[PDB]
Amino acid sequence: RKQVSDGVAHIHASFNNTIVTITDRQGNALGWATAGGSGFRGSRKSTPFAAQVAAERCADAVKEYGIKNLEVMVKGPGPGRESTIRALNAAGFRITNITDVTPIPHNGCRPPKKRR
Amino acid sequence: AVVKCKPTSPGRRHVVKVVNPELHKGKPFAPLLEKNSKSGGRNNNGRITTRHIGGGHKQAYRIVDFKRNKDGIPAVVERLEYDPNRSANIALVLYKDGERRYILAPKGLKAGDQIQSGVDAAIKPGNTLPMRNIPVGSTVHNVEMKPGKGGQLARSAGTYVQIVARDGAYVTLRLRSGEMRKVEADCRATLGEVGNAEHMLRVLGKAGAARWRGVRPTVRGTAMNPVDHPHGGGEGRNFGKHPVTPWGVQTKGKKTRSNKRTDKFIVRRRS
Amino acid sequence: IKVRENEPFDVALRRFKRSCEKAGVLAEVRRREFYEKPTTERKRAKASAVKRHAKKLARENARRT
Amino acid sequence: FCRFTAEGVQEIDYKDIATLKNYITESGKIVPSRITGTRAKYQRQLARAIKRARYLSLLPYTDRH
Amino acid sequence: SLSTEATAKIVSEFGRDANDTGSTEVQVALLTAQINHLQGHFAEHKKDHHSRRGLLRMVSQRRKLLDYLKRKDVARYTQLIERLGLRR
Amino acid sequence: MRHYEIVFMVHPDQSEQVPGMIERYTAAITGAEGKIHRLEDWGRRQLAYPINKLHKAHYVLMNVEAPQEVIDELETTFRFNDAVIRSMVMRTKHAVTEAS
RNA sequence: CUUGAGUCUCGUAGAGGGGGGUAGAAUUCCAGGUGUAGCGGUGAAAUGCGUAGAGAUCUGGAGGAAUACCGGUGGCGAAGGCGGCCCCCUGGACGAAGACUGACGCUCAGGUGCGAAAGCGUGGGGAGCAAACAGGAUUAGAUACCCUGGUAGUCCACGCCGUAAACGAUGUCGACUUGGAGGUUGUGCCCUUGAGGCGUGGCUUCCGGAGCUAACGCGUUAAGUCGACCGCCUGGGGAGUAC
Ligand SMILES: [Mg+2]
Ligand SMILES: [Mg+2]
Ligand SMILES: [Mg+2]
Ligand SMILES: [Mg+2]
Ligand SMILES: [Mg+2]
Ligand SMILES: [Mg+2]
Ligand SMILES: [Mg+2]
Ligand SMILES: [Mg+2]
Ligand SMILES: [Mg+2]
Ligand SMILES: [Mg+2]
Ligand SMILES: [Mg+2]
Ligand SMILES: [Mg+2]
Ligand SMILES: [Mg+2]
Ligand SMILES: [Mg+2]
Ligand SMILES: [Mg+2]
Ligand SMILES: [Mg+2]
Ligand SMILES: [Mg+2]
Ligand SMILES: [Mg+2]
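Student: Explain the sheet that holds strand β7 (residues 100–104) of chain B here, please?
Tutor: Two modes of strand pairing occur in sheets, parallel and antiparallel, and in both the strands are linked by backbone hydrogen bonds. Residue and element names in this part refer to chain B. On the basis of which strands lie adjacent, the open sheet formed by four strands has the order β7-β6-β5-β8 and antiparallel pairing. One side of each edge strand has no neighbouring strand; the edge strands of this open sheet are β7 and β8 (114–115). As judged from the five bridges shared by strand β6 (residues 90–95) and β7, these two strands associate in the antiparallel manner. Considered in β7, the bridge of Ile90 is made with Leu104.

This is how it looks when you write it as structure tokens:
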């Protein structure tokens, strides 16, 4: 539970769910909180408010570390990629940058066929 | 090439032959032969220890230079030859000092090719050199498992081992069975795949083919009596038993490797 | 898209979710979602080409405005 | 206005990364001639030069290496 | 292919002079040189159907020029086919 | 004998060996009457992406006019040599000795 | 004989083809670290994965497939079709100026070759996707759509098939007949007194005149006006089946 200053707030925002894991600058995770664990089961899980709540609930359990400044790594589509940043800053974290880490292939693997 | 025999008679209908027109159509090199008497599968005690062996054609043993420990001296592949002991063909080579030696014939080895061995050799297929001077990822054959041992991996026809990793004293090798094995990097390895890569396409046509290759018939366990085999008995094709070897041990899936002294080398096992 | 941070936050988050559509990522992962068969690729491209040919050079009308 | 046909470079050097960086984005994507003017022949030369510079790592494929 | 030097050598060898480059003998000799050349390319690139299409166009062109030469002057026709190594 | 153009990076610890590398290769090229035109040893450049857990390689550009077997043996040397990283031969069909 | 058709010199553009080698992104798996109760999915769920520690995040390795951006009613190709970069072998097309042969041309029954995808055989390969299959839903039922997995197959080598809404539903070749706006690739000259203006070629996209058409529409790349040769059609089913 040692004190660290430079943490990174990784956000795996997707369509159904969003996952906000806060790691140190090497990738050791401090704490995580998803939209599905904060209540919000089903359609609620996929709203910006659920991601806001998840980012708030992850700004806790990382208080034992004294995190001051944060790198935000938004990864993926979905509504919980611009509300989670606002909720992380409304928690008292000075943001150092915002970086989109969404995996973009270069025509690599073939996607699922299609819904219908 | 792969030649399919014409069905001018049964037992000739289903044959497929591998005619290698580059093999020497003459007597092999004499000073490198020695007699190889058949066994029948019978051990020191006269008893059959491995079944389904006996008969077949006479064949002399060709002294193949598996070690390739004549470093620095170049060699010219004088002749390609048929070996009755291997599935692959052998290659009589002549060194620049006047010494003839049988080697395994890699894929790209025709007559007159210039090979050699040693720490400073090139990376042409057929050139032996310890697996430190060999670049990683390259395709080698006739790999040694101990330095100076002689070479034991990838020496069947069309077979090769691949150098996957290289960690200090050791090298990881994807073997022809998919298993990744660590051998020390002082061990030698000839470059390129082994020749006669179409050997697996012959289909032998008939029973006498296997018979003169030296393979006595295989009686199914069910075709026996309960005293003869764990399978057997039954008033007409009854099995009802779990498949086992003639000595009781499970077959059709039961891992029987118990070495516990070479497990330090097997990074990961057969698929 | 590594938007380093200036002071006022959505003075910079604005240039984050305005650079996201300059790089067009949140709409680039909508083609990569499902596999669109090459016929449909070509057909959608051709229909976008034909739509782009909306004759904006034909807007000299009165319409009593 | 195609500041390549403005000059007649006659071949876009992939070692001129000083001018190649003018035709990528902060994410390293090539910028379309529909924006940069860039007569089509020189746009093709430019894309090949960008790709060779990427291979030689004079330029980045993406901003996430 | 069939570089400027080789085709000019064939022109000088098979024509009235080096300026005479459109005569039937020179056209046929150039097509024959190209065909003998490309035999090696199609020895291993068996699946080069798009290039073999042009090769067969060359073969048919050479045959049409040879028919013209035959029914135009049989002496030149025989001389050219024997000097060039033709007829199967 | 066609006009090539060869850009190859090398490990930034055998940067001391880049002279011997360069003169060795140019001597091999001149041996078959290949003509070196440009020999711009670019020094230690910083890479845009890390090649083999390693930034900051050492570039060498050289424009030659040599036959195919020369350039192919050269490519094999680049491959089997452990310090040469991301070689790149190219056709250029001319004589380019200007800059960069 | 040269106005057709070819050859040669220089040059240009191009995912044209065949072979080989590499690059990066990403998916997946494996080994390890942090960390923890969720993940995943949907219309909603559930199957499913997860405290045996998943998901998330970082490091290392393996492996296969496809090449983001450029990217364009852009290009090339007889059609099928072909897009990371590099090299090797190779086909075609076009332009300017000239010489060269001198009708050597057009078409083509039969024949021959190429011919998407699926499929078949042998041998490899197998990341992802996914017929079949299994389970969960939906349902009146659901051997469907939807979800979770998943095998051939998709990949490679060599053979076989020889078919597609293989389609501009428009055979090839040639000649002639108002125009407009483009795209692309050549080329000549003029003030280049810039990236401009003025012409001349190849391919190409859209609109439209005469004319044609049952109309829709085509409209110098005609479905307009003609010539050559070929293929085909003769009410709808049966049937493109049967033998
Ligand atoms: Mg047996
Ligand atoms: Mg048997
Ligand atoms: Mg039996
Ligand atoms: Mg019995
Ligand atoms: Mg018993
Ligand atoms: Mg009985
Ligand atoms: Mg019975
Ligand atoms: Mg005349
Ligand atoms: Mg016909
Ligand atoms: Mg075929
Ligand atoms: Mg197929
Ligand atoms: Mg198959
Ligand atoms: Mg499914
Ligand atoms: Mg049909
Ligand atoms: Mg089609
Ligand atoms: Mg039709
Ligand atoms: Mg019209
Ligand atoms: Mg039928």
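Student: Mind showing me how you'd approach the pairing of strand β5 (residues 94–100) of chain A here?
Tutor: Within a regular strand, the side chains alternate between the two sheet faces. The element β5 of chain A is extensively covered by neighbouring structure, given that six of its seven residues are classed as buried. Where strand β4 (residues 69–74) of chain A lies against β5 of chain A, six bridges are found, and the strand directions are parallel. Directly across from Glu71 of chain A, in β5 of chain A, lies its bridge partner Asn97 of chain A. For the crossover from β4 of chain A across helix α2 (residues 83–89) of chain A to β5 of chain A, the handedness is right-handed. Where β5 of chain A lies against strand β1 (residues 3–4) of chain C, two bridges are found, and the strand directions are antiparallel. In the sheet register, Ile98 of chain A faces β1 of chain C, and the bridge partner there is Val3 of chain C.

Student: Got a minute to help me understand the protein's contact with RNA strand G in this structure?
Tutor: If you check the shell around RNA strand G, you find 106 residues, and the closest are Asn17 and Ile104 of chain A, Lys46 of chain C, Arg71 of chain E together with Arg86 of chain F. If you look at RNA strand G and keep only atoms within 4 Å of the protein, 80% of those are sugar or phosphate atoms. The separation between a phosphate oxygen of RNA strand G and a polar side-chain atom of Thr34 of chain A is 2.7 Å. Within the side chain of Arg48 of chain D, one N or O atom sits 3.2 Å away from a phosphate oxygen of RNA strand G. Looking at the surface near RNA strand G, the element that brings in the most residues is helix α3 (residues 49–72) of chain E, giving twelve residues. Across the surface near RNA strand G, the residue classes break down as 28 nonpolar, 43 polar and 35 charged.

Student: Help me understand the sheet that holds strand β1 (residues 6–11) of chain A in this model?
Tutor: Read across the sheet, six strands follow the order β3(A)-β2(A)-β1(A)-β4(A)-β5(A)-β1(C) without closing on themselves; strand pairing throughout is mixed. Strands at the two margins of the open sheet, each flanked by one partner only, are β3 (29–34) of chain A together with β1 of chain C. Helix-sheet contacts for helix α1 (residues 48–59) of chain A involve β2 (19–24) and β3 of chain A, and the interaxial angle to β3 of chain A is about 150°.

Student: What exactly am I supposed to notice about unusual backbone geometry here?
Tutor: One can expect most non-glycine residues to show negative phi and most peptide bonds to be in trans. A positive phi angle is found at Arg88 of chain E, which is not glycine, with a value near 70°. Secondary-structure assignment places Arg88 of chain E in the segment after α4 (74–84). Using a relative accessible area of 78% as the deciding quantity, one classes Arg88 of chain E as exposed. The phi dihedral of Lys56 of chain F falls on the positive side, at around 60°, and the residue is not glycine.

Student: How do you make sense of α4 of chain E when you look at a structure like this?
Tutor: The α-helix advances 3.6 residues per turn, and as a result positions three or four apart in sequence lie on the same side. All names here are of chain E. Listed in full, the buried residues belonging to α4 are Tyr77, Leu80, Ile81 and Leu84. One side of α4 holds all its buried residues, which, seen down the axis, span an arc of 95°. Exposed residues pointing more than 90 degrees away from the buried face of α4 are listed as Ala75 and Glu82. On its buried side, α4 packs onto α1 (4–14), α2 (24–44) and α3. Of the residues flanking the end of α4, it is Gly85, one or two places downstream, whose phi is positive at about 80°.

Student: Can you help me understand the domain arrangement of chain B in this one?
Tutor: A common way to state how big an interface is: give the accessible area lost once the parts meet. All names here are of chain B. When the domains of chain B are assigned, the result is domain 1 (1–113), domain 2 (117–194) and domain 3 (195–271). Of the residues lining the interface, 19 residues belong to domain 1; the matching set on domain 3 comes to 21 residues. For the pair domain 1 and domain 3, the two sides together bury roughly 1600 Å², of which 54% comes from carbon and sulfur. Ranking the residues of domain 1 by area buried against domain 3 places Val18, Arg51 and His52 at the top, with a combined share of 33%. Taken together, the connections running from domain 1 to domain 3 amount to zero salt bridges. Taken together, the connections running from domain 1 to domain 3 amount to seven residue pairs in polar contact.

Student: What should I look at first to understand the interface of chain A and chain C in this one?
Tutor: Opposite the 28 residues of chain A that make contact, chain C presents 21 residues. For the chain A and chain C pair, buried surface summed over both sides reaches about 2300 Å², with 63% attributable to carbon and sulfur atoms. The largest contributions to the chain A side of the interface with chain C come from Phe15, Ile98 and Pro111 of chain A, which together make up 21% of the buried area. On the surface where chain A and chain C come into contact, there are two salt bridges. Notably, a salt bridge pairs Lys114 of chain A with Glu36 of chain C, separated by 3.4 Å at the nearest N-O pair. Of all the elements, β5 of chain A adds the most residues to the side of chain A that touches chain C, at seven residues. Residue composition of the side of chain A that touches chain C, grouped by class: twelve nonpolar, seven polar and nine charged.

Definitions and limits used
Residues numbered from 1 in each chain as written, not as in the entry; some residues may be left out. Chains lettered and ligands numbered in written order. Part of a larger assembly, values for the part shown. Heavy atoms only, no water. Residues with missing side-chain atoms left out of burial classes, pairs and counts. Pairing = 2+ DSSP bridges. Helix = DSSP H or I, 4+ residues; strand = E, 2+ residues; numbered from the N terminus. Buried < 20%, exposed > 50% of the residue type's maximum accessible area, 1.4 Å probe, protein only. Right-handed = clockwise from strand over helix to strand, strands pointing away. Near = heavy atom within 4 Å. Polar contact = N/O pair within 3.5 Å; in protein donor to acceptor, adjacent residues only side chain to side chain. Nonpolar A, V, L, I, M, F, W, Y, C, P; charged D, E, K, R; others polar. Contact = heavy atoms within 4.5 Å. Axes fitted to C-alpha atoms, helices over the stretch in contact; angles between N-to-C directions. Arc of directions from axis to C-beta. Domains from an automatic or database assignment. Buried area = accessible area lost by both parts, 1.4 Å probe. Salt bridge = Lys/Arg side-chain N within 4 Å of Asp/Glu carboxyl O.

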